[PDB]
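Colleague: Chains as they are written, first to last, in the entry's author numbering: chain D, 24 to 215, 221 to 403, 407 to 541; chain B, 28 to 49, 54 to 137, 151 to 188; chain A, 23 to 280, 285 to 328; chain C, 24 to 316. By construction, the Cβ of each residue, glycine as well, lies at the ideal position given by its N, Cα and C atoms.
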Amino acid sequence: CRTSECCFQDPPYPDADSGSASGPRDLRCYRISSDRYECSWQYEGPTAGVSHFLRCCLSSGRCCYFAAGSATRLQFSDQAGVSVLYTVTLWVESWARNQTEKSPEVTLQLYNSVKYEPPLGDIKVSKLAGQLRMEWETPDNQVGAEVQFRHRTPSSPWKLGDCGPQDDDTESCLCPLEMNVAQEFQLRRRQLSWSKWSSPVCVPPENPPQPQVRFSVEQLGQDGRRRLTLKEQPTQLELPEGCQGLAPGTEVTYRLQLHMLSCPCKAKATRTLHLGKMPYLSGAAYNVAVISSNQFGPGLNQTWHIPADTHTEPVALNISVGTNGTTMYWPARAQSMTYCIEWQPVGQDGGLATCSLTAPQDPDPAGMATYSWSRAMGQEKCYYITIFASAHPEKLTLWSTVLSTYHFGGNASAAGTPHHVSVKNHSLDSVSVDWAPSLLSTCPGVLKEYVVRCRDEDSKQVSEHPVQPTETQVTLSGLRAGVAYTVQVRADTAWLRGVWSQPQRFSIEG
Amino acid sequence: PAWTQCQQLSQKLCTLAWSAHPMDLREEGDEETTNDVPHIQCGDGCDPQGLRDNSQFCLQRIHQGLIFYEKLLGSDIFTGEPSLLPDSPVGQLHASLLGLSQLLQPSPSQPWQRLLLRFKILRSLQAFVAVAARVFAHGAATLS
Amino acid sequence: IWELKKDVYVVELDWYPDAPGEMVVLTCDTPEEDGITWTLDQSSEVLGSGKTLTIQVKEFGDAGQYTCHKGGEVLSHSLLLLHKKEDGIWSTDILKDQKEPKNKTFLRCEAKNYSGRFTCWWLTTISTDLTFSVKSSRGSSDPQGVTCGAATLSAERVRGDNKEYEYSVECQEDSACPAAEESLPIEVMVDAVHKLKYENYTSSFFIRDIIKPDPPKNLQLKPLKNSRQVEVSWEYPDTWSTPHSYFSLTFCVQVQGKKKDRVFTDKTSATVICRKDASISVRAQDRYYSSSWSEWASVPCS
Amino acid sequence: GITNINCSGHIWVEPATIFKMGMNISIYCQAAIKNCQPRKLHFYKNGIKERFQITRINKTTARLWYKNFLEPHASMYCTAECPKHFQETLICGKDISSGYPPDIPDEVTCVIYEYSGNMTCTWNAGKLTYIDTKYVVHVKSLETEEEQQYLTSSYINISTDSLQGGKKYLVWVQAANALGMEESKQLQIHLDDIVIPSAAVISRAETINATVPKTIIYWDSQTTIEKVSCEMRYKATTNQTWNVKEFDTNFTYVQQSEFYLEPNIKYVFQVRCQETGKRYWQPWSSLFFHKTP
Ligand SMILES: *[C@@H]1O[C@H](CO)[C@@H](O[C@@H]2O[C@H](CO)[C@@H](O[C@@H]3O[C@H](CO)[C@@H](O)[C@H](O[C@H]4O[C@H](CO)[C@@H](O)[C@H](O)[C@@H]4O)[C@@H]3O)[C@H](O)[C@H]2NC(C)=O)[C@H](O)[C@H]1NC(C)=O
Ligand SMILES: *[C@@H]1O[C@H](CO)[C@@H](O[C@@H]2O[C@H](CO)[C@@H](O)[C@H](O)[C@H]2NC(C)=O)[C@H](O)[C@H]1NC(C)=O
Ligand SMILES: *[C@@H]1O[C@H](CO)[C@@H](O)[C@H](O)[C@H]1NC(C)=O
Ligand SMILES: *[C@@H]1O[C@H](CO)[C@@H](O)[C@H](O)[C@H]1NC(C)=O
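If you want it as structure tokens, here you go:
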């Protein structure tokens, strides 16, 4: 009559007298939903032109049948006429090669034969009160089930346990948790037939492993940058045989956190990146931290410190000290460049660099960039100065070093005057001129050379000779005995001639 | 009335009342609210035609509702324990309500009942402050 | 046993195994008294005789269209729709559970504007012999007038091994006042009938609670010359109520492409920046009562 | 109702609404909704649904069981889901407080203060009871057997001129709350012995440059008691030890006292006194800091 309605008429084939061994067997009927039932059987022998039929007979004695065709199972709803609140008798009749083969009868109440299904893969996992807790939504129309679990580690077999009664919209199961090895967990249910074991649940360790990684940094290029590179990758976590390659949600996530130690006067100096995206760094100092995390949270992090570059470059840095403040001038690299200037007093072990940030600047008519501050670099002292710049100041990975050099603050001409200058008779025609190294010698690259002046007081003749910046002793020869002489020494810089020391008057006695 | 200030402060009132109570429980026996809570019904002249005809009828009802809701927000339901934070938005609600009522026209309960009472009062307050802010919004663009 | 409609009766049942069912008496609607015969559905076998009929309703096999005859002619009809009661909980087999925003949400109703028109959608996987019947009213102590039309089919979709059918119905409030403050809610009462199984559902709401305005209309973009900054221009949705200075809408604008842009403008225009192959997407919400957001209507950045 | 909450049942907790802190409690909600069987009960705690650990014993009543209940106060109400209604239906609620029974009070002392017309009494409280606890002070005479009872949340004073039933009295305190009550030991007092004089204050301090540097400390007390003994603590600011000396002082004039202290060291000074022979002493006076030249 219909695909889902029992026909209360005779089957269009005679009854089974053959009794062949091959045929339908194992007829079981379960209730899958609130108003849908299914019946499944197995057929023995070849399936060459075999039509199966499901037969039912109610309490009143009237018998009906379904036209299952060649399928091995059938579904119907409670309005098909098959009684669901009472006792029915179901048996399978199969027609093949012009013969009939019946099946053993099964007598049951269809509303009671319910088979419960394990959880449908969507199981939540969590850590509560020192024990692992997993929760799954209840399958539809399958409330009230005894639930039983089994678990194993990579080094242990299955262990059986119980979670307790389950009578809610969502279930739960309290399980022990391992510290460093992962676990596999499989789950099954039975109503207050036991269900088949679930798909595997895999659980990662509560504390993620420390990131076992190694880094390398390139030498500072002429563009002012150097790239960071990963030398060693993190070691893979040991997973049980049933969890290997299974459960992507149990994977450990690694994140790289960069902290620029230079330019501390900036608004933000930290940025988080993926370990697969290696960044470019300037000649500044940086701290690099790697953080491991999983579904339970972050683990122990490892941090590496990258030191600042110490190379000194001879760049035309002009510093002018005015009545209202000090101004710095240096060659600009490109248009719309934001500059960060750092200076450290020489000899101050562990002293923090003073940071100054400029607005975006374009090269001036002389091709120079400028920065001014109020009265500040202390006077008569040497400073190590490093300048960084970026066209995209918000991107820490785009900052580059402009210059790195030493500079003497204040009046270098006056403060650089050679001290403790002494003249001693060496021979009847020569003298020794010895002096203490000027303050400029403590500033690498600032002291260009010394100059010695000798004046004969009787003839008024003056002679000047240049001396290397590393020499503080010279012997002057070719002098006349009994004559008065005057000597002075000065220290010259890359841009200014120094002030002459106090004139020392002497004469050769012997 | 001062339509622009009233409109902007009623906007403040709407956003505060929706910040206070961003959930549901049904009390049996409730079939006759009647005169317990004044409401703006149809026929109080708060539709645009009612505003363009005569605003006094609508503003009278709005002021009565406002003073009722200040009396509710100032009783032991919102001052008694569990005591709310003065920095919590609830305290701001009473100040804004007092402001609106000023610019317009110059039973004891157990500690467990007060959560439910606060929720039901905020639920009614949002529904009333919506139409109040609407009628003040329409005035400041037509009846200027 | 009670009456649902003319010549249709609903029998309640306690649905547990080996139930005793209920006792049911049937009476033919005729002034005659003798020579009365009865049949069930299309079968011609006589079940009983006389003006009255007594049956014991135990299962769907005992329910169906009962007919009384006299002289070989059909006198009247009496249909029996069962109503399963499972341990005090009635059945919800017919209408599929949407489970949003909470469980057991069977009817989902929405309104585009404030004028008093709503529309309820409900989902089922049952294709044939299905017959709905919707009635509605405002309040229950002293109901007012709300009229609902016939329930038709809107769209059909396939999900999983089964199908899925979506129905809808348009209802209008008779004495609608778009500006008032609602005090007592609306009731919707659906009578789902499928062959011989009767079910019946209910939903209650405030009109201000179920408002979802239309996607914003007439989206046009004009960026600044040689600049990625684009100002967004649109108009209020057509179906929204009027005047727009009373029923005000606060908007939302995002920029999505393949870095999150979120702005809420109470004015009909705003300016953002489009990346390469991005889309400007716009929403809407009633400004004063946060009912619900609107679906995105978008055009792409080029 | 916007001003009232209607209960639709009842709720009680075992053992009681008030109980000892940290015990195991059981909350039984019995829904009494008319024309409805409760689909699901749904307990709440301060508006937060505690979903875990519920047992549906039977259709009307479900049980929620707590382990180690550590809140001083919590609002608990139980709700229900009716099959036809959409919102949860409230059944009823209760408020529960947890604390401790009171400890035994000790260290009972009482003093008359000079000119005050009062006796002040104090006693220790013990562990925190976390609930409303009340103290009852009993003052019984040894001579006329008359007892006077008094009430405080903390401490109290008794006026001197109410103790006319002789001079030998007996005082003890009683601590009371809902979870227990304990009594203190009985303290014996006599009004002559318990008098403490008026507070002594240091005025100034100067050091005299002599052959040995002498530092004099200047102080007075406004008492009228003829016989008074005192004690004073002096120490360097860098030292932790105290140095105390005894005096017999008559406060008709400002008493003077010399000290031999190390130069260029800042010292600190404090004083306490008592009626000679009496049990109680004054508290140490406020800290006076002085630095030798
Ligand atoms: C949704 O479904 C529920 C469950 O089926 C349904 O509740 C039932 O409603 C009917 C009709 O409202 C109730 O039957 C009534 O019961 C009262 C109480 O005794 C009687 O007085 C009524 O008698 C009248 O009607 C009879 C038959 O028409 C007449 O013979 C009589 O003379 C009276 O005129 C009537 O029997 C029934 O009790 C409830 N069920 C329960 C469990 O309460 C509800 O009505 C449905 N709602 C919608 C909107 O579809
Ligand atoms: C016992 O007497 C003392 C002395 O008068 C009271 O202490 C004073 O109390 C008042 C009122 O609170 C305060 O304004 C004073 O500052 C307190 N003085 C001191 C020195 O503390 C004390 O309160 C009395 N006890 C009781 C229970 O009232
Ligand atoms: C249901 O449970 C409560 C509490 O356990 C009990 O007092 C009662 O007798 C039970 N039965 C009924 C019908 O309430
Ligand atoms: C005596 O005690 C009472 C309270 O107990 C207090 O009000 C009064 O001030 C006290 N007397 C003096 C002198 O402090």
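Which residues in the same chain have their Cβ closer than 7 Å to the Cβ of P125 (chain C), if we skip the five residues on either side of it in sequence?
Modeller: These residues qualify, in order along the chain: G149, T152, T156, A198, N200, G203, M204, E205.
Colleague: Between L113 (chain C) and chain B, is any beta-carbon pair separated by less than 7 Å?
Modeller: At least one chain B Cβ lies under 7 Å of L113 (chain C).
Colleague: Using a Cβ-Cβ distance cut-off of 7 Å, determine whether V175 (chain B) contacts chain A.
Modeller: Answer yes: the Cβ-Cβ gap between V175 (chain B) and chain A drops below 7 Å somewhere.
Colleague: Looking only at DSSP bridge pairs, what is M356 (chain D) linked to?
Modeller: Its beta-bridge partners are D:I347, D:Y399.
Colleague: Per the DSSP calculation, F282 (chain C) is bridged to which residue(s)?
Modeller: Note: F282 (chain C) sits in a beta bridge opposite C:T238.
Colleague: Please report how far the alpha carbon of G57 (chain A) lies from the alpha carbon of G94 (chain A), in whole angstroms.
Modeller: Between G57 (chain A) and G94 (chain A), the C-alpha separation is close to 10 Å.
Colleague: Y89 (chain C) and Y67 (chain C) - do their beta-carbons sit closer together than 7 Å?
Modeller: No, these two residues do not count as a Cβ contact at 7 Å.
Colleague: Just tell me which of A:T261, A:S249, A:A310 has its CA closest to the CA of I299 (chain A).
Modeller: Looking at the Cα atoms, A:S249 is the closest of the given residues.
Colleague: Excluding the 5 residues flanking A296 (chain A) on each side, which residues of the same chain have their C-beta closer than 8 Å to its C-beta?
Modeller: Excluding positions up to five away in sequence, the list reads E253, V254, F273, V275, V289.
Colleague: Does the CB of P61 (chain C) have a neighbour CB from chain A at under 7 Å?
Modeller: By this cut-off, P61 (chain C) is not an interface position.
Colleague: Could you run through the segment 95 to 116 of chain D and flag, in chain order, every residue whose CB is less than 8 Å away from some CB of chain A?
Modeller: Going along the segment 95 to 116 of chain D in chain order, one finds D101, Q102, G104, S106, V107, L108, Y109 with a Cβ nearer than 8 Å to chain A.
Colleague: Quick one: which chain A residues come within Cβ less than 9 Å of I71 (chain B)?
Modeller: The answer, in chain order, is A201, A202, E203.
Colleague: Can you have a look at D115 (chain A) and say buried or exposed, based on whether 16 or more other CB atoms are within 10 angstroms of its CB?
Modeller: Result: buried.
Colleague: Mind checking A397 (chain D): buried by the 16 CB within 10 Å criterion, or exposed?
Modeller: Per the 10 Å Cβ criterion, buried.
Colleague: Using three-state DSSP, classify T26 (chain D) as helix, strand or coil.
Modeller: Reduced to three states, the DSSP call for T26 (chain D) is coil.
Colleague: So what does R120 (chain D) bridge to, in DSSP terms?
Modeller: For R120 (chain D), which the question treats as bridged, DSSP gives no partner whatsoever.
Colleague: Could you check whether the segment 64 to 81 of chain C touches the segment 122 to 140 of chain C, counting it as contact only if at least three pairs of C-beta atoms, one from each stretch, sit closer than 8 Å?
Modeller: No, the segment 64 to 81 of chain C is not in contact with the segment 122 to 140 of chain C.
Colleague: Closer than 8 Å is the cut-off here; do at least three beta carbon pairs connect the segment 260 to 267 of chain C with the segment 99 to 118 of chain C?
Modeller: Flag = no, the segment 260 to 267 of chain C and the segment 99 to 118 of chain C do not touch.
Colleague: Is it buried or exposed for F42 (chain C), if we count other Cβ within 10 angstroms and need 16 for buried?
Modeller: Counting Cβ neighbours within 10 Å, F42 (chain C) comes out buried, since at least 16 surround it.
Colleague: Given 8 Å as the limit, is there contact between the segment 99 to 106 of chain B and the segment 116 to 129 of chain B, that is, 3 or more CB pairs closer than that?
Modeller: Result yes; three or more Cβ-Cβ pairs closer than 8 Å.
Colleague: Return the chain-ordered list of same chain residues with a C-beta closer than 6 Å to the C-beta of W118 (chain D), the five sequence neighbours on each side being excluded.
Modeller: So the qualifying residues of the chain are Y36, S74.
Colleague: Consult DSSP for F180 (chain B) and reduce its assignment to one of helix, strand or coil.
Modeller: Reduced to three states, the DSSP call for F180 (chain B) is helix.
Colleague: Quick one: what does DSSP say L200 (chain D) is sitting in, helix, strand or coil?
Modeller: Three-state result, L200 (chain D): coil.
Colleague: Following a CB-centred definition, is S185 (chain C) positioned closer than 6 Å to any heavy atom of ligand 4?
Modeller: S185 (chain C): no, Cβ never under 6 Å from ligand 4.
Colleague: For ligand 1, is there any heavy atom lying closer than 6 Å to the beta carbon of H105 (chain A)?
Modeller: At least one heavy atom of ligand 1 is nearer than 6 Å to the Cβ of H105 (chain A), so yes.
Colleague: Less than 6 Å between C-beta atoms, sequence neighbours within five positions excluded: which residues of the same chain meet that for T298 (chain D)?
Modeller: Excluding sequence neighbours, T298 (chain D) sits near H287.
Colleague: Are the Cβ atoms of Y139 (chain D) and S223 (chain D) separated by less than 7 Å?
Modeller: Their beta carbons are under 7 Å apart, which means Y139 (chain D) touches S223 (chain D) by this criterion.
Colleague: Taking only beta-carbon positions, decide if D129 (chain C) is within less than 7 Å of chain B.
Modeller: Chain B, which has no Cβ nearer than 7 Å to the Cβ of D129 (chain C), makes this no.
Colleague: Curious, which full-length beta strand (DSSP E) runs of at least 3 residues does the segment 137 to 224 of chain C contain?
Modeller: If we require 3 residues or more, the beta strand (DSSP E) runs fully inside the segment 137 to 224 of chain C come out as 141 to 145, 157 to 164, 170 to 175, 179 to 182, 191 to 199, 204 to 206, 210 to 213.
Colleague: Kindly indicate the opening and closing residues of the alpha helix (DSSP H) around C52 (chain C).
Modeller: Here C52 (chain C) belongs to no alpha helix (DSSP H); instead the beta strand (DSSP E) covers 48 to 54.
Colleague: So that I know if they touch, is there some Cβ in chain A lying closer than 7 Å to that of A181 (chain B)?
Modeller: So yes, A181 (chain B) belongs to the interface.
Colleague: Distance, Cα to Cα, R25 (chain D) vs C59 (chain C)?
Modeller: One C-alpha to the other measures close to 40 Å.
Colleague: Let me make sure I understand the geometry here. Which of D:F76, D:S126, D:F324 has the alpha-carbon closest to that of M157 (chain D)?
Modeller: When each option's Cα is compared against that of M157 (chain D), the closest is D:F324.
Colleague: As a quick check of your reading: which residues have a C-beta less than 5 Å from at least one non-hydrogen atom of ligand 4, in chain order?
Modeller: With the cut-off at 5 Å, the residues found are C:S139, C:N141, C:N180.
Colleague: Report the residue from B:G74, B:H48, B:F163, B:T31 whose alpha carbon sits nearest the alpha carbon of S197 (chain A).
Modeller: Nearest option by C-alpha distance: B:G74.
Colleague: Leaving out five residues on either side along the sequence, give the residues of the same chain with a beta carbon under 6 Å from the beta carbon of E480 (chain D).
Modeller: Correct list, in chain order: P497, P500, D523.
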